[PDB]
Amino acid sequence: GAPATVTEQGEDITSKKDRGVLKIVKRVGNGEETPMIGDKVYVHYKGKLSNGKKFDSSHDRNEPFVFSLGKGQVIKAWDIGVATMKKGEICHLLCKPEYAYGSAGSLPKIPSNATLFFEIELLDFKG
């Protein structure tokens, strides 16, 4: 399935080249510009655990998730991954725990040492 495919076929987008965040572009977005640090970014997402459980989805809440890019308001994988996206793009991210919640995990759904899968759509970005 999609988690396996991005695990085996994704591109390493980390600056360290440590395979901690792999990405596949599923839907090409618009033009060439990516957001800049500090921009308000609006995303839709779906997250799955390695046991197959869906642990979150913005679609189901009927509102996008909004954060300021590059400020550590989200897991590292999201700061790194969204920074690579164009407006309108959909990608898959496969995130090792060092770029997510590490040994701590995150109650209720995310265990310790969890590799996470996400589908992310970048709806918009603005300064």
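Under this definition, the rigid core comprises the largest set of C-alpha atoms superposing within 1.5 Å between the forms. A residue's number is simply how far along the shown sequence it sits, counting from 1.
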Would you say which of 68 to 76 and 28 to 36 moves more relative to the shown form in 4 other deposited structures of this protein, going by RMS C-alpha distance with the core superposed?
-> 28 to 36
Core-fitted, the stretch whose Cα atoms sit farther from this form in 4 other deposited structures of this protein, 95 to 103 versus 50 to 58, is 50 to 58
Averaging the C-alpha B factors as listed in the entry, name the stretch that ends up higher: 8 to 16 or 103 to 111.
-> 103 to 111
On mean C-alpha B-factor from the PDB entry, just flag whether 94 to 102 or 51 to 59 is the higher one.
-> 51 to 59
For the C-alpha B-factor as written in the entry, point me to the maximum among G72, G88, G81, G38.
-> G72
